[PDB]
Structures are given as structure tokens and as C-alpha cells.
């Protein structure tokens, strides 16, 4: 791999700064956020980078008032290299006091940026009986229109500058009778053959036809997770790499738009039951797929980026621990992640971090780190 011979490069800094940090990220309206969680990042066809997160208003919890926030690079060419390269915090959607989340973007050929999102009402939570800031007790998410998880789509036609009011696609793209649902979170993909594939709970969402004017359909999957990732491997096949229901290992299945085989644990990819991210890097020799998760059966604080050279991504290398290039002052790094290629031949990664000031409790501030590193940096890691 010629990349190992390049000068290794890394830089990293907080991109979404929680309420407890100096210069916390707030909207121009003055609306602030206790925590930022659930990152998603894409590079547009112009080279601009768009970073999305859930703005969790009052606590770090997944229910209650949560808005979908974002930042863009100020120009199409700066590659988000330094803090001053990034615009201030903006909002995709924040209507009501319910939950707008699970950002799952994909960039189409015409530069339409699609962003699939999950939604639930202000008074509902996955488990039910959770206490809201005002003392209200939530109802459990159920199969009713009011109480179920919805699937929404918004898009941008101006390189992420503005977003449409999200359109509810639940009846079209979520099976009837479902209560809980999730899309991504992280990213969808565009195949060599032209289709879009967006990973979701128990299914893929497939986009066909004209870029930025797609016809959507559902590909049901057997044994898929709630939080899935998708990549097209060097062989042109599809690859689902999903969060397991119980701690242990990533669950992997391979297939095509005609169907997938069975999901099975990948023993080379330990996972503590957490979201992960995957990225198609290049198809020419040597072809590479990149993977990022917490490489541990128990902890989210073992973030590891890896490379596979396999046509079907059978095996990933040890890779490199992100702690080799640690960030100070932004809490304990580790959790959900998202990766993009940059325009200057780097990998850009968003990674959750937890101050843990309230332990596992709701008041522990959560921030999001932005990393840039090249293949050389990964390959020159001391553990492989």
C-alpha cells in the first residue's frame, strides 16, 4: 500500500460543543443544547462538508425536545481543516418539542443532499415511563399514528445552505403496524450502478431513477439490526454492518439489490452494542473499505479506525486507536461515529465524546469531535 509512505497526517478538535464548554454551540436564535449526539457527515459534489447532529436540548437523553442541527464548511475548498473553517451552528428542523433525530444523509449525483430522519412525539419514548424535565412521564412508543416512530425526508438543493420542511414518508417506507423505528444513523450511499441505498431498521431504503428526483422503495431484510450501516464493497456487492442487539460483535450480511444472505457476527469486529460507521474509500488497486467503531465488547471508549483490502471486506486490519491522537478538554471520546472522504485526500470523522460528569446519568454533557487523518496515519499505527 503506497499510502503508508505518505507523511502521516492527523488533526482533531471539538466541532459540536456542549453547554458546559467554553463557547458552547448555540443557534442564531439563542437556542442552546445540553448535548450533541448522533453524528452524520457527508462531502457534497462541490467539496463542501456537511456535519449533522441531534441537538439534545435539556439532557443527553434520546427522548424529549431534540432538534436536528448542522454545520457546513465555510467554503467548498477548505476541507474543514481548522475550527475557523466551519460555519456557526444552524438548524435543519426543530419544530415542536418532540424528537427530530437519526440523521442519515446521502449526496445524489446532481448534488441534491437527501437527509432521512426519524421523529417521535414530545410525550413518547422508546421505553415509556421516562421522566421529562417538567415532571411529565412519557408514554411508550406504540403503533398508533401519534405514538409511533415516523420516517421523514428533507433535502437541500443549494449545497446544504437551506433545507425543505421535512416530508413524512412513514406510510410509504415504514412497514404498517411498526412502533419503534430507526434510519441509520450515519449515511446512505450511491452505488456504482446508480441507485441510492439508505440503511434502516430491518430494511434498506432504495432510491432509483433521476438524481434528486428518486423513486423510493423498501428492501426488507431478515435478521438485520435497528442501527445499520451500508457500503458497496470492491466486488460491487452490498454489505450491511449492523449494531448487535446484545454486546459482542458487529453483525454482517452481504447481498445485492435482489436480496441478502444471513447476518452473522464478525469475530474480527468486537462491538459494545453501539452504532458504527463504514466508508468506501477507493476501487482502484489497492481497493479499500474503512470501518470505525469502538473495538471492545464492553466499552464505547475503544474507538478504532480500520482498513479492509478484501473484495468483500471479509477482514479488517487492526487499524489505529483514535486515542493515539487524543483530544483534550472535550470529555472521554467514544460512541457513535460517521466518516466521509475529504477533498484533500483525508478521511474526516465525527466521533461522540462524553464528559461523564453525571456518570451514566442524564446530565452528563455530550460533545462531538471532528477528526481528519490520512491512510498513512492509520497504517503507521503501532499496533498494526
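Numbering follows the first chain given and starts at 1.
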Between 325-333 and 60-68, which has the higher average C-alpha B-factor in the PDB entry? 325-333
Averaging C-alpha B-factors over each stretch, which comes out higher, 174-182 or 133-141? 133-141
Using the temperature factors in the entry, find which of 88, 105, 101, 286 has the highest value at its Cα atom. 286
Among 154, 275, 127, 111, where is the Cα B factor highest in this entry? 127
Sorting the chain's modelled residues by C-alpha B-factor, tell me whether residue 291 ends up in the lowest, middle or highest third. lowest
Ranked C-alpha temperature factor of residue 31 among modelled chain residues, by third: highest
Would the CA B-factor of residue 338 place it in the lowest, middle or highest third of its chain? lowest
Would the CA B-factor of residue 146 place it in the lowest, middle or highest third of its chain? highest
What third of its chain's C-alpha B-factors does residue 362 belong to: lowest, middle or highest? highest
